[PDB]
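FYI, it's all coordinate maths here, none of it is from the lab. Here Cβ is always computed from backbone atoms with ideal geometry, including for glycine, and neighbour counts include all displayed protein chains.
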RNA sequence: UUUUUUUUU
């Protein structure tokens, strides 16, 4: 920063000077200058890090230099330029004067020309960074080959010398470089995806945006999160992407997944609070407007609105239970501030998801994940001494426990019980029960609370009884031996790194076994070689074995 | 003009004394021997003085 | 009107008038009706340098002189604010104002002339009624009345009013009715040029020079005399010029001694060496002072081409009909030749030709005239050699090769000798004592070495004694003429300058003539060798580089600057261009090709080839050896009186020189070019004084002007714009040709200095600024800490 | 509102 401060101020002057309205060449040469020197600094940092031997102390390795460099590159050059662009379109589009719209149209055309130029420059900068780090170094052992092909690195010919082929294993933390390249790729994908979503905002004249326009950004953020799962800041950006298009349940799942990661994202916490604490926040009024719009469509619309009921009515239940003050009327605690009764809305959910679980199970799964994370973020909310036993729980969290276990027992009785046997292809049906039991076993206090809850216990007993009676496989039985797989399932990935399962689903004792045998990194991300790809049927039997084993282990002391 | 007449006579006799050809550009081109040369007519006229 | 009144406006106020020392006249300081004050106007128009203030003025009756050294050239002096309050010390610009002294801070030193005007404190401005009472005079009348002080010293505004004849010289025509009209149109300009060149050179008599005598290797007395640096720099002398060194005084009777110059002042010595011709009267070696040197003007340059014009206008057998009627520009049907084409155009054991040069060689052997246009670095030299060799083998005749530049003729002759042909070099009689790389091809050397019989004894006697008897001299000249005729008749090709074709020794008519870089010479200089009975003329030259420098201004206006190559191209002749370059980096090549060559030029070298690895020079963009280091200094006037110089650009260029030296580049790979001469001089002494590292490592660097650095190349070249004035007047850099010839000097890296604001007005420099800025090279500040410069380059419409 | 170079019996 001691060397980069002047250019930060130099960029600041240029925006304040407003010279870029006439002379884009100034901006282009300025960008060339900063690209040149930031690339030089990155190269110097990498070459200095590489020169150190393995015998050097880990404390002497400065891993945060390149991360700071690239964060400065986005937030201090690229993001401020995009902000100036944004204010500039705001000014011309929202010019309240009565000037002819044709002039605004030509100004808009100049917008597209210049911002395609600038976005092309920025994308060239990032893609050149990616290609260079792919060229001078070997990343096959550390990155999945899917990321290599999806980034189109395969067509990039590798010029590394044989003596330059670094001998670093898959997950050797002793080698420093096992982390800087993952962070570099993760943040490059992050900023490239932000560039694509921003450009999508730029190109559209109107403020109305559809999901179909942010496909590439969603992909890039997907590989971004795959590159490094232990970065909640990646999930928050996707949460914002789903935020502005009006998909809110997936959004809130994104923000919670972001904040309870090993490294929590403050922006995700601020966003969740805006949707959930600040009654004055416009996003909370967006939630209220769309929820009673959904109520109006349910009451008067020709058809039962299944999907958005299942999502936003659930958001209403989650609000009304999680933060009672801001939603339930002070006069009438049994109804929302919009006047919608809680019991009607809850029963509407029960009927709606019991009727249309199969078409919207993913939304229901996100409902499960938000419900289970809610208790943790609630006990984290405590400014007093944190809870350790059931006795320390206050009335609000006991009520939340009752509603959450009501939901769990209901849907276990109504969806998994009837749809597990008919639908082997739907892995979420059994992955949900795996999540429920893994989460109940990862935290002792919910486990103790579960044994006192009759609904959940009887639902689990009934599910075990149906699974046993149907006899899915001839050798299926209740055994204490933990089943092992050669890889991880989709629930393992989509619930990886989250503390309420202690950052990994432990229903299978095969993590080390997966590590010791080849393609371990690829198999850890659910993409093994085609030889070991078992059928979805075998997947359902293995999930059944794990579910019945853990459920019996839970019900032994019910 | 007398110069024009000299030009026309010189061009006509150059046309007569050579063989005809067509160039790559399409302009009519006369091929003539190196060892045979033609000196253009001069005439008389007044000369400037220092 | 009082004697103290201004000679131009008649203001009587002694707070504004100032006395000229040379002509004993008084001058004002106002800018009424002129862009400058009158005093400097008269100083530059009449060459005057010394001025004296009025007795009644605040300073008194004093003559402006330098404190430290005593120079009286007002263009040098300037005030320095002494550390003691209200104390003014007079110091010249150099070296007094740059040699640091603790009694005053020299960083605030300001020239006595600012904005073409003297300081108010030295000479105050006239009051408004004094301005309105003074008669108005426009610069036209200023120059007209100044023009006649050199004849009469009593001329005033009403005195002259002279309708001297200024006959409108006929402008040059494209297609003449006959040879007579061509000669009539050309003659007068040449007469004027000869007359005024003789006038300027004869006015350079060197008087009371201190001459040191020495003996040369050939037993010839050397007259080495030192002159002032200003006079030596103003001396437009080449090696081998002849003058008269005569002394008249009591110490020794009248003597006359003629000889040539074998040495010229350079960065090491400022001594003019005169090798005297052996004479019966011995030179007075015991004398050292009182000698006077008068240059012997020679009209042989003009009289020869006058004879050439006579031959063109008279002799029928002077030029073949086709080339005659093409030189006159008349319409004639195209003519080819019956020549068998060679099997392979390229010559074994020599350079291999590409497609473009193959086309050039192929299309040239079939037509009597054609024009070849060559961008710099392409290597026209090999094409010329191949064409000459193949034509000679085809026809087996004597071939003539001519070029305006002596060094160019030397290069072409060495190359032709490299092809195995028989080459004879015709050296000028004054230049017979001048060494060259092709000295073994000299015709005088050939007759001296191939001398046999009586010829050896005559040559030895002439060398030993110096003078021979009349009969012996006549036998000698007759026999050397015989030997020269035998040599030329035996020689395959003949080498002589474009002016050397007027020599009587070339009596034999020549049929095959090569004219090289014709544009560099004027039209008569290329018509000298074309009227000697040739049937095939081939003209090589490029019309996008510097051409003829015509001292006459009416001649240059009428068209004497238009060379034969340019006239033929204007006629309708389409040249054959070579579209590949082998010298400069593609980044260095993108602009000039795009602007001057329509972008058609292509790069025959790759980026890696023109890239120096592990270069520690802080270029604005890594990988792009080009930057624009802006400087906001102010231009001044050097000791000449018409040039300009800039000290800020000098210190910055010295800094860049040191920086490139710490990068490992040898001095021979780096040169400095300045469009103004006084700037070059100031750079020279500033480098030799303020060299941060060893001064030798700086003096080995070659520095010269743009025009004196044409046809050469260097690894690194620094361009200095110099011009930095408030009026945004650039001057003579408005022509794109000067910019074109400057950039292509550098092979690897290009550095440009100057003030971008003054240059921004010019459209050509505006586009240069655009191209430099858009590539992220427009910077400012210190070279170590360069940031981008954000001056508005596009004018708001 | 122009200052630079080529050539020379």
Would you order C:476, A:54 from fewest to most other beta-carbon atoms within 10 Å of each residue's own beta-carbon? A:54, C:476
Normalised per residue, the volume of the convex hull around the Cα set of chain A (Å³): 204
Tell me, what does the Kirkwood hydrodynamic radius of segment C:141-191 come to in angstroms if you use every pair of distinct C-alpha atoms? 14.0
Dividing the Cα convex hull volume of segment A:412-555 by residue count, how many Å³ per residue is that? 109
What ratio of Cα Rg to 2.2 N^0.38 Å holds for segment C:488-620? 1.42
Gyration tensor (alpha-carbon) shape descriptor, segment A:448-495, a/c threshold 1.5: oblate
Give or take rounding to whole Å, what are the principal axis extents of the alpha carbon atoms in segment A:183-245, in descending order? 36, 17, 15
Fewest-first ranking of C:338, A:155, C:516, using other Cβ atoms within 10 Å as the exposure measure: A:155, C:338, C:516
Going by how many other Cβ atoms sit within 10 Å of their own, how do C:30, A:234, C:300 line up, fewest first? C:300, C:30, A:234
Treating the Cα atoms of segment C:631-732 as identical point scatterers in vacuum, please give the log10 of the normalised Debye intensity I(q)/I(0) at q = 0.20 Å⁻¹, two decimals. -1.02
Averaging over every viewing direction, what projected area does the convex hull of the Cα atoms of segment C:615-658 cover, in nm²? 4.1
For segment C:707-757, just run the numbers: alpha carbon Rg, then divide by 2.2 N^0.38 Å, N being how many residues it has. 1.23
Starting from the exponent 0.38 and prefactor 2.2 Å, build the expected Rg for the protein assembly as shown from its residue count and divide its actual Cα Rg by it. 1.35
Cα pair distances of segment A:1-115 binned at 10 Å [whole percent]: 11, 34, 25, 16, 9, 4, 1, 0
Please work out, to two decimal places, the log10 of the ratio I(q)/I(0) at q = 0.12, 0.16, 0.24 Å⁻¹ from a Debye calculation in which every Cα of segment A:291-353 carries one identical scatterer. -0.26, -0.46, -0.98
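Starting from the eigenvalues of the Cα gyration tensor, five times each then square-rooted, give me the equivalent ellipsoid semi-axes of chain C, largest first, whole Å.
Values: eigenvalues 454, 259, 167 Å².
Over the Cα atoms of chain C, the ellipsoid semi-axes are 48, 36, 29 Å.
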Taking only Cα atoms of segment A:211-334, the Rg to Rh ratio with Kirkwood Rh works out at 1.02
Would you work out the relative contact order for segment A:410-558, in percent, from Cα pairs under 8 angstrom that are 6 or more residues apart? 36
Residue C:204 paired with residue B:8, simple spin-label distance in nm, labels 7 Å along Cα-to-beta-carbon: 5.5
Ranked from highest to lowest mean number of other Cβ atoms within 10 Å per residue, what is the order of the peptides C:391-398, C:528-535, C:416-423, C:580-587? C:528-535, C:580-587, C:416-423, C:391-398
Per-residue mean of C-beta atoms belonging to partner chains within 10 Å, peptide A:457-465: 0
Anisotropy class of segment A:275-421 from Cα gyration tensor, a/c 1.5 cut: oblate
Using only the alpha carbons, work out the radius of gyration and Dmax of chain B in angstrom. 15.2, 48
Need one number: % antiparallel among DSSP beta bridges in the protein assembly as shown, to the nearest 5. 55
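In peptide C:305-313, how many Cβ atoms from other protein chains are near each Cβ within 10 Å, on average?
Working: counts 0, 1, 0, 0, 2, 1, 0, 0, 4.
Per residue, the average neighbour count from other chains is 1.
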For segment C:21-81, how big is Rg over Rh, using alpha carbon atoms and the Kirkwood form of Rh? 0.97
May I ask for the equivalent-ellipsoid semi-axes of segment C:35-153, computed as the square root of five times each C-alpha gyration tensor eigenvalue and listed largest first in whole Å? 30, 18, 13
Taking the alpha-carbon set of segment A:132-227, what are its Rg and Dmax in Å? 16.4, 55
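Dividing the convex hull volume of the alpha carbon atoms of segment C:204-295 by its residue count, what do you get in Å³ per residue?
92
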Cα gyration tensor category, rounded, prolate or oblate, for segment C:586-788 with a/c compared to 1.5: rounded
Share of alpha-carbon pairs per 5 Å distance bin for segment C:473-551, given as whole %: 3, 13, 21, 21, 15, 11, 8, 5, 2, 1, 0
Under the definition of partner shielding as Cβ atoms of other protein chains within 10 Å of a residue Cβ, what is the mean value for peptide B:37-44? 6
